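Undergrad: Please find one structure pasted underneath; my questions will follow.
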Amino acid sequence: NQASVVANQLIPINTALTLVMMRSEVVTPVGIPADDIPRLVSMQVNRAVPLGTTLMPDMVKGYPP
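Here the sequence shown is numbered in PDB author numbering, starting from 1 and rising by one per residue.
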């Protein structure tokens with residue numbers, strides 16, 4: 001029942017995250033926790049993230065839990 005951040009649209013490379021890009025969903029494997037969505041705003045991804053992909057810690061520049 002742990003929810004993760006999932007891409008609500010394709011997120012292009014080297015693009016700053018906004019709220020409309022991030023939804024929460026119970027997926028496996030588990031990625032960045034959904035509660036970290038506010039922290040992620042304005043952070044950039046280091047690769048394109050397709051629609052429906054779980055955001056993982058290694059995808060986000062500067063992310064540490």
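Note that CB positions come from ideal geometry on N, CA and C, so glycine has one too.
In this structure, what does DSSP give as the bridge partners for residue 11?
TA: Paired residues: 49.
Undergrad: What would DSSP say about residue 43, mapped onto helix, strand or coil?
TA: Coil at residue 43, not helix or strand.
Undergrad: Which residue's Cα is closest to the Cα of residue 51: 2, 19, 1, 10?
TA: The candidate whose alpha carbon is nearest that of residue 51 is 10.
Undergrad: Just verifying my parser: in three-state terms, what is the DSSP assignment at residue 57?
TA: Here residue 57 sits in helix by DSSP.
Undergrad: Anyone know if the C-beta pair for residue 24 and residue 7 falls short of 8 Å?
TA: For residue 24 and residue 7, no; Cβs fall outside 8 Å.
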